[PDB]
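Undergrad: One structure follows; several queries about it will come next.
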Amino acid sequence: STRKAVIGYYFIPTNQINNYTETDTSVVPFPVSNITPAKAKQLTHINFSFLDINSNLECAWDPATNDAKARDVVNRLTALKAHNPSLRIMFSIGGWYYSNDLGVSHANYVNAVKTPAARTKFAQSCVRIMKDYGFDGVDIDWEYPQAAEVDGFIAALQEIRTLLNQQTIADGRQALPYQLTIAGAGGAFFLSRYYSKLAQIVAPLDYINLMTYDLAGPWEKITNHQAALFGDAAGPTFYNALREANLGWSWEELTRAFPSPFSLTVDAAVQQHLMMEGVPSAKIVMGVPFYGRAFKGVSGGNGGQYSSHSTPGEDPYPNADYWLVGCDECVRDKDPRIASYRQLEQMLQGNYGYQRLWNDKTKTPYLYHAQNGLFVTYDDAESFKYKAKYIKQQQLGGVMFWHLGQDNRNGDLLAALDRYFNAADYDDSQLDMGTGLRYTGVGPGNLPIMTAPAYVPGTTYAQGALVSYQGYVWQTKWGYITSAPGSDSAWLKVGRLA
């Protein structure tokens with residue numbers, strides 16, 4: 001009955017910091033004053049974003065940042081702690097723009113973690129920045145260290161953890177200790193970069209916040225839900241890259257863990273984490289998007305789902321055709337491919353030609369514009385009922401979302417998440433989780449409780465026979481077997497004794 005984490009990003013670009021104002025939404029659309037006391041009480045963490053790693057290989061603000069203005073913005077966030085003694089203002093280092101393989105600062109990430117001396121200088125800079133600006137913990141969003149850089153990343157996280165723990169003691173902060181989190185991959189292709197060492201990555205963290213969204217987008221040929229909870233057999237499937245990770249597992253072990261192809265869903269990412277030994281459910285946080293992804297040039301037949309499309313994938317958006325009818329924020333941001341939940345509500349409400357439809361397998365909503373051939377995948381307070389029930393059922397740590405400025409003006413999405421976890425009068429015991437496709441993989445970290453007859457020496461066991469032995473349930477891979485389970489390759493450990 002530990003409180004579920006509710007971790008919301010506060011993203012503010014450098015130009016908005018430098019021109020910070022709370023009275024002109026054309027300059028700063030989402031100032032700190034829009035985070036009311038009521039919203040502050042519903043959050044456990046705000047991730048202030050983004051800081052970077054500079055060419056000196058230290059955590060640093062964008063050098064174009066006006067420091068006085070930056071401190072003013074952060075001070076406004078930390079003042080919110082007055083409303084909620086559990087609230088932390090984290091800061092996030094990285095993000096896609098800075099840290100992707102082709103990002104402007106990518107080499108600084110690689111180099112900062114490369115050697116013990118670099119790791120010390122980097123780790124010290126993270127805690128120095130945390131203390132100088134008054135933040136409550138460090139969140140690292142490197143998207144993503146490659147398999148070869150992973151050992152350095154692990155050591156960097158370990159070293160930051162030690163320094164944060166020292167700082168908690170120095171400041172008498174045992175009631176609200178300084179924390180360390182990362183934004184983790186929420187799909188198997190990026191996850192495969194560091195998957196084999198997942199337990200080492202998670203060990204120094206309070207949470208790993210899964211980016212379980214952007215699972216569809218203009219870079220894929222076929223439209224799809226970007227954050228389906230469960231799978232739809234009518235939707236696309238994907239190769240399971242995890243089966244090629246350097247795990248040292250056998251064919252049967254790999255096959256049971258990593259069905260391929262599979263449905264790229266939130267459940268898949270969560271289960272992929274739980275399959276690894278040493279990765280506790282309580283540290284896994286489910287990311288949800290407060291925005292939708294829009295596609296144009298879609299066909300009818302299934303409400304724009306699973307259709308080819310003509311949505312540019314380039315950055316920046318390559319022309320001035322802002323084709324997402326009714327999306328005023330898209331004109332402001334010169335990109336019709338992403339729309340906040342705040343804007344999507346208005347688009348539904350106005351005379352713009354959208355239908356709201358629901359996929360009861362994926363448990364997510366979508367908009368379809370039949371006249372122009374548009375499809376929008378997004379999440380809302382209804383999809384969040386299923387995701388919140390899943391968080392509770394699977395004993396996850398909580399929820400994370402990008403970003404606070406995209407909730408509607410009344411903060412309905414954040415209020416819904418808070419309600420589903422904390423409201424005494426909310427009852428989801430009868431909420432039907434549907435017949436969407438579950439990720440069926442089992443690994444060492446999530447063996448089901450089972451029972452079976454005790455193993456008997458001398459007995460000749462056929463293929464598929466189940467026995468209990470030395471604390472586990474085992475299945476023969478072929479027949480006929482007479483060896484003791486665990487003594488050779490013939491037995492698969494399939495379950496654990498209660």
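Just remember, in the structure tokens the first chain shown is A, the second B, etc., residues are 1-based per chain, and ligands are 1-based in the order shown.
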What lies within 6 Å of stretch 105-122 of chain A using only C-alpha atoms, ignoring chain neighbours under 4 positions off, as an mmCIF file with C-alpha atoms, in the first residue's frame?

TA:
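Generated file (selection_27.cif):
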data_model
loop_
_atom_site.group_PDB
_atom_site.id
_atom_site.type_symbol
_atom_site.label_atom_id
_atom_site.label_comp_id
_atom_site.auth_asym_id
_atom_site.auth_seq_id
_atom_site.Cartn_x
_atom_site.Cartn_y
_atom_site.Cartn_z
ATOM 1 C CA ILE A 53 26.450 17.089 -20.640
ATOM 2 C CA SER A 55 32.267 19.183 -23.822
ATOM 3 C CA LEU A 57 32.096 16.185 -19.674
ATOM 4 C CA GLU A 58 30.066 17.740 -16.856
ATOM 5 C CA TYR A 98 20.835 16.186 -26.896
ATOM 6 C CA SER A 99 21.638 12.503 -26.471
ATOM 7 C CA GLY A 152 30.473 2.756 -18.198
ATOM 8 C CA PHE A 153 26.856 3.936 -17.824
ATOM 9 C CA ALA A 156 28.365 6.194 -13.592
#

Undergrad: Taking the DSSP assignment computed from this structure's backbone, write out as a ChimeraX atom specification all residues of stretch 262-439 of chain A that belong to strand (DSSP E or B).

TA: /A:262,284-289,291-295,338-340,354-359,364-369,374-377,398-402,437

Undergrad: Tell me which protein, DNA and RNA residues are within 7 Å of stretch 396-411 of chain A, counting only C-alpha atoms, leaving out same-chain ones fewer than 2 positions away, and put them as a VMD selection string.

TA: chain A and resid 4 to 11 30 209 281 to 291 340 to 342 391 to 392 394 413 to 415

Undergrad: Which one is closest to residue A:184: A:273, A:88, A:385, A:221? Count only C-alpha atoms.

TA: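 Closest residue, counting only C-alpha atoms: A:273.
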
Undergrad: Hey, can you check how far atom CA of residue A:265 sits from atom CA of residue A:91?

TA: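 Atom CA of residue A:91 lies at a distance of 27.7 Å from atom CA of residue A:265.
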
Undergrad: Please identify the alpha helix (DSSP H) residues within stretch 259-447 of chain A (assignment by DSSP from backbone atoms) and present them as number ranges by chain.

TA: A: 266-274, 328-332, 341-349, 381-393, 412-422

Undergrad: Could you check the closest approach to residue A:77 for each of A:320, A:176, A:32, A:198 and tell me which residue wins, using only C-alpha atoms?

TA: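 When distances to residue A:77 are compared using only C-alpha atoms, the smallest one comes from A:32.
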
Undergrad: Skipping near chain neighbours, those fewer than 4 positions away, what residues fall within 10 Å of stretch 64-76 of chain A using only C-alpha atoms, listed as number ranges by chain?

TA: A: 12-21, 31-33, 35, 48, 80-81, 89, 91, 132-135

Undergrad: For the selection you just gave me, I'd like the residues written to a file as a PDB file, in the first residue's frame, keeping N, CA, C and O atoms.

TA:
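Below you can see result.pdb, which holds the result:
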ATOM      1  N   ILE A  12      10.820  23.014 -20.428  1.00  0.00           N
ATOM      2  CA  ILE A  12      10.838  24.429 -20.835  1.00  0.00           C
ATOM      3  C   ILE A  12      12.093  24.710 -21.653  1.00  0.00           C
ATOM      4  O   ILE A  12      13.212  24.507 -21.181  1.00  0.00           O
ATOM      5  N   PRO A  13      11.912  25.141 -22.911  1.00  0.00           N
ATOM      6  CA  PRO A  13      13.076  25.383 -23.770  1.00  0.00           C
ATOM      7  C   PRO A  13      13.833  26.621 -23.317  1.00  0.00           C
ATOM      8  O   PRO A  13      13.268  27.493 -22.648  1.00  0.00           O
ATOM      9  N   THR A  14      15.100  26.687 -23.703  1.00  0.00           N
ATOM     10  CA  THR A  14      15.973  27.774 -23.306  1.00  0.00           C
ATOM     11  C   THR A  14      15.385  29.148 -23.599  1.00  0.00           C
ATOM     12  O   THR A  14      15.460  30.044 -22.754  1.00  0.00           O
ATOM     13  N   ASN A  15      14.820  29.316 -24.792  1.00  0.00           N
ATOM     14  CA  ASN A  15      14.252  30.628 -25.138  1.00  0.00           C
ATOM     15  C   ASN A  15      13.106  31.035 -24.219  1.00  0.00           C
ATOM     16  O   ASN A  15      12.908  32.221 -23.951  1.00  0.00           O
ATOM     17  N   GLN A  16      12.359  30.058 -23.708  1.00  0.00           N
ATOM     18  CA  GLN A  16      11.299  30.371 -22.760  1.00  0.00           C
ATOM     19  C   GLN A  16      11.831  30.708 -21.368  1.00  0.00           C
ATOM     20  O   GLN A  16      11.280  31.568 -20.683  1.00  0.00           O
ATOM     21  N   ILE A  17      12.913  30.045 -20.942  1.00  0.00           N
ATOM     22  CA  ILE A  17      13.558  30.407 -19.691  1.00  0.00           C
ATOM     23  C   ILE A  17      14.046  31.848 -19.782  1.00  0.00           C
ATOM     24  O   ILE A  17      13.798  32.649 -18.871  1.00  0.00           O
ATOM     25  N   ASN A  18      14.702  32.151 -20.903  1.00  0.00           N
ATOM     26  CA  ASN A  18      15.353  33.450 -21.107  1.00  0.00           C
ATOM     27  C   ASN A  18      14.355  34.592 -21.202  1.00  0.00           C
ATOM     28  O   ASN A  18      14.702  35.748 -20.940  1.00  0.00           O
ATOM     29  N   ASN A  19      13.123  34.253 -21.566  1.00  0.00           N
ATOM     30  CA  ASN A  19      12.038  35.229 -21.655  1.00  0.00           C
ATOM     31  C   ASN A  19      10.880  34.888 -20.736  1.00  0.00           C
ATOM     32  O   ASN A  19       9.723  35.227 -21.018  1.00  0.00           O
ATOM     33  N   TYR A  20      11.195  34.248 -19.612  1.00  0.00           N
ATOM     34  CA  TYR A  20      10.173  33.714 -18.725  1.00  0.00           C
ATOM     35  C   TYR A  20       9.173  34.768 -18.276  1.00  0.00           C
ATOM     36  O   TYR A  20       9.543  35.857 -17.817  1.00  0.00           O
ATOM     37  N   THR A  21       7.901  34.419 -18.390  1.00  0.00           N
ATOM     38  CA  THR A  21       6.818  35.271 -17.921  1.00  0.00           C
ATOM     39  C   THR A  21       5.632  34.371 -17.626  1.00  0.00           C
ATOM     40  O   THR A  21       5.465  33.337 -18.278  1.00  0.00           O
ATOM     41  N   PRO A  31       3.567  28.248 -17.858  1.00  0.00           N
ATOM     42  CA  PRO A  31       4.428  28.695 -16.770  1.00  0.00           C
ATOM     43  C   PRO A  31       4.179  27.891 -15.493  1.00  0.00           C
ATOM     44  O   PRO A  31       3.156  27.194 -15.366  1.00  0.00           O
ATOM     45  N   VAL A  32       5.100  28.008 -14.540  1.00  0.00           N
ATOM     46  CA  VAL A  32       5.028  27.229 -13.311  1.00  0.00           C
ATOM     47  C   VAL A  32       3.741  27.484 -12.512  1.00  0.00           C
ATOM     48  O   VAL A  32       3.215  26.586 -11.848  1.00  0.00           O
ATOM     49  N   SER A  33       3.195  28.699 -12.631  1.00  0.00           N
ATOM     50  CA  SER A  33       1.980  29.072 -11.927  1.00  0.00           C
ATOM     51  C   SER A  33       0.749  28.287 -12.402  1.00  0.00           C
ATOM     52  O   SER A  33      -0.281  28.283 -11.728  1.00  0.00           O
ATOM     53  N   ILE A  35       0.877  25.142 -12.484  1.00  0.00           N
ATOM     54  CA  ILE A  35       0.901  23.987 -11.591  1.00  0.00           C
ATOM     55  C   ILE A  35       0.351  24.447 -10.249  1.00  0.00           C
ATOM     56  O   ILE A  35       1.101  24.928  -9.396  1.00  0.00           O
ATOM     57  N   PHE A  48      12.142  18.369 -14.030  1.00  0.00           N
ATOM     58  CA  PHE A  48      12.528  19.555 -14.790  1.00  0.00           C
ATOM     59  C   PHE A  48      13.444  19.156 -15.935  1.00  0.00           C
ATOM     60  O   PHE A  48      14.419  18.437 -15.720  1.00  0.00           O
ATOM     61  N   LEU A  80       6.750  24.868  -4.768  1.00  0.00           N
ATOM     62  CA  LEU A  80       5.574  23.998  -4.729  1.00  0.00           C
ATOM     63  C   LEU A  80       5.628  22.949  -3.629  1.00  0.00           C
ATOM     64  O   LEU A  80       4.592  22.409  -3.232  1.00  0.00           O
ATOM     65  N   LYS A  81       6.834  22.643  -3.143  1.00  0.00           N
ATOM     66  CA  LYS A  81       6.987  21.645  -2.107  1.00  0.00           C
ATOM     67  C   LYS A  81       6.241  22.058  -0.844  1.00  0.00           C
ATOM     68  O   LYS A  81       5.904  21.212  -0.017  1.00  0.00           O
ATOM     69  N   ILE A  89      11.346  17.863  -6.813  1.00  0.00           N
ATOM     70  CA  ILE A  89      11.651  18.478  -8.104  1.00  0.00           C
ATOM     71  C   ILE A  89      12.977  17.852  -8.587  1.00  0.00           C
ATOM     72  O   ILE A  89      14.070  18.258  -8.152  1.00  0.00           O
ATOM     73  N   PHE A  91      15.737  16.935 -11.687  1.00  0.00           N
ATOM     74  CA  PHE A  91      16.107  17.492 -12.998  1.00  0.00           C
ATOM     75  C   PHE A  91      16.590  16.370 -13.904  1.00  0.00           C
ATOM     76  O   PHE A  91      17.163  15.381 -13.415  1.00  0.00           O
ATOM     77  N   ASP A 132      23.301  23.169  -6.116  1.00  0.00           N
ATOM     78  CA  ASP A 132      23.383  24.587  -6.472  1.00  0.00           C
ATOM     79  C   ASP A 132      21.997  25.159  -6.810  1.00  0.00           C
ATOM     80  O   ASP A 132      21.660  26.282  -6.402  1.00  0.00           O
ATOM     81  N   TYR A 133      21.174  24.366  -7.500  1.00  0.00           N
ATOM     82  CA  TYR A 133      19.870  24.861  -7.976  1.00  0.00           C
ATOM     83  C   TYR A 133      18.692  24.472  -7.089  1.00  0.00           C
ATOM     84  O   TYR A 133      17.583  25.014  -7.247  1.00  0.00           O
ATOM     85  N   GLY A 134      18.920  23.545  -6.166  1.00  0.00           N
ATOM     86  CA  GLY A 134      17.917  23.151  -5.193  1.00  0.00           C
ATOM     87  C   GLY A 134      17.017  22.009  -5.632  1.00  0.00           C
ATOM     88  O   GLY A 134      15.905  21.852  -5.123  1.00  0.00           O
ATOM     89  N   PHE A 135      17.511  21.186  -6.559  1.00  0.00           N
ATOM     90  CA  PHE A 135      16.758  20.022  -7.005  1.00  0.00           C
ATOM     91  C   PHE A 135      16.829  18.900  -5.975  1.00  0.00           C
ATOM     92  O   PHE A 135      17.671  18.929  -5.054  1.00  0.00           O
TER      93      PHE A 135
END

Undergrad: At a cut-off of 12 Å, using only C-alpha atoms, what residues contact residue A:419? Leave out same-chain residues fewer than 5 positions from it and give the result as a PDB file with N, CA, C and O atoms, in the first residue's frame.

TA:
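Writing done, so here's selection29.pdb:
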ATOM      1  N   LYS A   4       1.768   5.125  -5.017  1.00  0.00           N
ATOM      2  CA  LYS A   4       2.307   5.022  -6.375  1.00  0.00           C
ATOM      3  C   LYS A   4       2.950   6.345  -6.769  1.00  0.00           C
ATOM      4  O   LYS A   4       2.384   7.417  -6.521  1.00  0.00           O
ATOM      5  N   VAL A   6       3.890   9.371  -9.138  1.00  0.00           N
ATOM      6  CA  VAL A   6       3.240  10.087 -10.252  1.00  0.00           C
ATOM      7  C   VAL A   6       4.239  11.142 -10.685  1.00  0.00           C
ATOM      8  O   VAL A   6       4.439  12.171 -10.029  1.00  0.00           O
ATOM      9  N   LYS A  41      -0.237  18.575  -5.333  1.00  0.00           N
ATOM     10  CA  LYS A  41      -0.565  17.511  -4.391  1.00  0.00           C
ATOM     11  C   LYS A  41      -0.746  16.161  -5.075  1.00  0.00           C
ATOM     12  O   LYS A  41      -0.560  15.125  -4.456  1.00  0.00           O
ATOM     13  N   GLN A  42      -1.088  16.178  -6.366  1.00  0.00           N
ATOM     14  CA  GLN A  42      -1.339  14.966  -7.128  1.00  0.00           C
ATOM     15  C   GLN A  42      -0.062  14.375  -7.728  1.00  0.00           C
ATOM     16  O   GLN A  42      -0.084  13.224  -8.185  1.00  0.00           O
ATOM     17  N   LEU A  43       1.007  15.167  -7.730  1.00  0.00           N
ATOM     18  CA  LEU A  43       2.322  14.725  -8.228  1.00  0.00           C
ATOM     19  C   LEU A  43       3.188  14.223  -7.077  1.00  0.00           C
ATOM     20  O   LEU A  43       3.102  14.765  -5.964  1.00  0.00           O
ATOM     21  N   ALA A 381      -8.477   9.791 -20.092  1.00  0.00           N
ATOM     22  CA  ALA A 381      -8.759   9.334 -18.734  1.00  0.00           C
ATOM     23  C   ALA A 381      -9.333   7.918 -18.743  1.00  0.00           C
ATOM     24  O   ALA A 381      -9.242   7.212 -17.737  1.00  0.00           O
ATOM     25  N   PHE A 384      -6.404   5.483 -19.189  1.00  0.00           N
ATOM     26  CA  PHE A 384      -5.642   5.503 -17.948  1.00  0.00           C
ATOM     27  C   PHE A 384      -6.305   4.639 -16.862  1.00  0.00           C
ATOM     28  O   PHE A 384      -5.637   4.233 -15.912  1.00  0.00           O
ATOM     29  N   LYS A 385      -7.597   4.340 -16.978  1.00  0.00           N
ATOM     30  CA  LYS A 385      -8.195   3.381 -16.010  1.00  0.00           C
ATOM     31  C   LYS A 385      -7.545   1.999 -16.123  1.00  0.00           C
ATOM     32  O   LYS A 385      -7.210   1.371 -15.111  1.00  0.00           O
ATOM     33  N   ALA A 388      -3.808   2.198 -15.080  1.00  0.00           N
ATOM     34  CA  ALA A 388      -3.671   2.289 -13.622  1.00  0.00           C
ATOM     35  C   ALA A 388      -3.988   0.933 -12.962  1.00  0.00           C
ATOM     36  O   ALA A 388      -3.288   0.523 -12.032  1.00  0.00           O
ATOM     37  N   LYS A 389      -5.025   0.241 -13.433  1.00  0.00           N
ATOM     38  CA  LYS A 389      -5.315  -1.104 -12.893  1.00  0.00           C
ATOM     39  C   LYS A 389      -4.147  -2.064 -13.139  1.00  0.00           C
ATOM     40  O   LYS A 389      -3.776  -2.833 -12.258  1.00  0.00           O
ATOM     41  N   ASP A 412      -7.150  17.479 -15.913  1.00  0.00           N
ATOM     42  CA  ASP A 412      -7.974  16.279 -15.798  1.00  0.00           C
ATOM     43  C   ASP A 412      -7.219  14.954 -15.898  1.00  0.00           C
ATOM     44  O   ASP A 412      -7.619  13.993 -15.238  1.00  0.00           O
ATOM     45  N   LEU A 413      -6.178  14.879 -16.738  1.00  0.00           N
ATOM     46  CA  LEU A 413      -5.455  13.605 -16.881  1.00  0.00           C
ATOM     47  C   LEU A 413      -4.674  13.283 -15.596  1.00  0.00           C
ATOM     48  O   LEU A 413      -4.712  12.155 -15.112  1.00  0.00           O
ATOM     49  N   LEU A 414      -3.996  14.277 -15.038  1.00  0.00           N
ATOM     50  CA  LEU A 414      -3.265  14.077 -13.785  1.00  0.00           C
ATOM     51  C   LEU A 414      -4.238  13.754 -12.643  1.00  0.00           C
ATOM     52  O   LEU A 414      -3.982  12.867 -11.818  1.00  0.00           O
ATOM     53  N   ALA A 424     -10.590   7.028  -2.276  1.00  0.00           N
ATOM     54  CA  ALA A 424     -11.196   5.943  -1.504  1.00  0.00           C
ATOM     55  C   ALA A 424     -12.460   5.422  -2.176  1.00  0.00           C
ATOM     56  O   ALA A 424     -12.780   4.230  -2.075  1.00  0.00           O
ATOM     57  N   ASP A 425     -13.166   6.291  -2.889  1.00  0.00           N
ATOM     58  CA  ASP A 425     -14.423   5.886  -3.507  1.00  0.00           C
ATOM     59  C   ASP A 425     -14.291   5.341  -4.931  1.00  0.00           C
ATOM     60  O   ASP A 425     -15.290   4.947  -5.528  1.00  0.00           O
ATOM     61  N   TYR A 426     -13.074   5.305  -5.474  1.00  0.00           N
ATOM     62  CA  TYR A 426     -12.880   4.719  -6.803  1.00  0.00           C
ATOM     63  C   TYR A 426     -12.688   3.195  -6.715  1.00  0.00           C
ATOM     64  O   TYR A 426     -11.838   2.701  -5.957  1.00  0.00           O
ATOM     65  N   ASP A 427     -13.468   2.461  -7.501  1.00  0.00           N
ATOM     66  CA  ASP A 427     -13.479   0.997  -7.472  1.00  0.00           C
ATOM     67  C   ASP A 427     -13.285   0.470  -8.888  1.00  0.00           C
ATOM     68  O   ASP A 427     -14.142   0.672  -9.743  1.00  0.00           O
ATOM     69  N   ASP A 428     -12.152  -0.171  -9.159  1.00  0.00           N
ATOM     70  CA  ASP A 428     -11.950  -0.753 -10.485  1.00  0.00           C
ATOM     71  C   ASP A 428     -11.934  -2.282 -10.417  1.00  0.00           C
ATOM     72  O   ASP A 428     -11.445  -2.955 -11.319  1.00  0.00           O
TER      73      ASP A 428
END

Undergrad: Go through A:450, A:38, A:138, A:316 and flag the residue nearest residue A:59, using only C-alpha atoms for the distances.

TA: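 That would be A:138, the residue with the smallest distance to residue A:59.
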
Undergrad: Do a neighbour search on residue A:145 at 7 Å with only C-alpha atoms, toss out local chain neighbours closer than 4 positions, and write the hits as a ChimeraX atom specification.

TA: /A:149-150,193

Undergrad: Give me the residues near residue A:144 as a list in words, where near means some atom within 9 Å (using only C-alpha atoms) and where sequence neighbours in that chain fewer than 4 positions away do not count.

TA: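 Returned residues: residues 96, 99, 100, 101, 184, 185, 190, 191, 193 and 194 of chain A.
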
Undergrad: For the selection you just gave me, I'd like the residues written to a file as a short mmCIF file (atom, residue, chain, number, x, y, z; two decimals), in the first residue's frame, keeping N, CA and C atoms.

TA:
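To be explicit, this is the file written out as selection12.cif:
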data_model
loop_
_atom_site.label_atom_id
_atom_site.label_comp_id
_atom_site.auth_asym_id
_atom_site.auth_seq_id
_atom_site.Cartn_x
_atom_site.Cartn_y
_atom_site.Cartn_z
N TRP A 96 16.01 13.25 -26.12
CA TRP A 96 16.32 12.81 -27.48
C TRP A 96 17.23 13.83 -28.19
N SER A 99 20.91 13.75 -26.75
CA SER A 99 21.64 12.50 -26.47
C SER A 99 21.41 11.36 -27.47
N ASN A 100 20.54 11.54 -28.46
CA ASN A 100 20.37 10.47 -29.44
C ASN A 100 21.68 10.25 -30.21
N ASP A 101 21.78 9.12 -30.92
CA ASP A 101 23.03 8.73 -31.57
C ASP A 101 23.57 9.84 -32.47
N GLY A 184 13.91 4.98 -19.29
CA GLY A 184 14.33 3.78 -19.99
C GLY A 184 13.57 3.59 -21.29
N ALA A 185 14.17 2.81 -22.20
CA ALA A 185 13.45 2.42 -23.42
C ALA A 185 12.16 1.70 -23.08
N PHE A 190 15.26 -0.47 -28.89
CA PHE A 190 16.19 0.31 -28.09
C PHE A 190 16.57 -0.41 -26.78
N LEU A 191 15.63 -1.12 -26.17
CA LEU A 191 15.89 -1.84 -24.91
C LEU A 191 17.00 -2.86 -25.11
N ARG A 193 19.73 -2.67 -26.42
CA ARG A 193 21.07 -2.11 -26.27
C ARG A 193 21.68 -2.46 -24.92
N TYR A 194 20.86 -2.43 -23.87
CA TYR A 194 21.37 -2.66 -22.51
C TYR A 194 20.63 -3.76 -21.74
#

Undergrad: Would you mind telling me which residue in A:308, A:476, A:362, A:174 lies nearest to residue A:219 when using only C-alpha atoms?

TA: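 The closest residue to residue A:219 is A:308.
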
Undergrad: Identify which of the residues A:201, A:275, A:498, A:325 lies closest to residue A:151, counting only C-alpha atoms when measuring atom-to-atom distances.

TA: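 Under the stated criterion, the closest residue is A:201.
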
Undergrad: Measuring atom to atom with only C-alpha atoms, identify which of A:214, A:136, A:220, A:143 is nearest to residue A:307.

TA: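 With only C-alpha atoms as the atom set, the closest residue is A:220.
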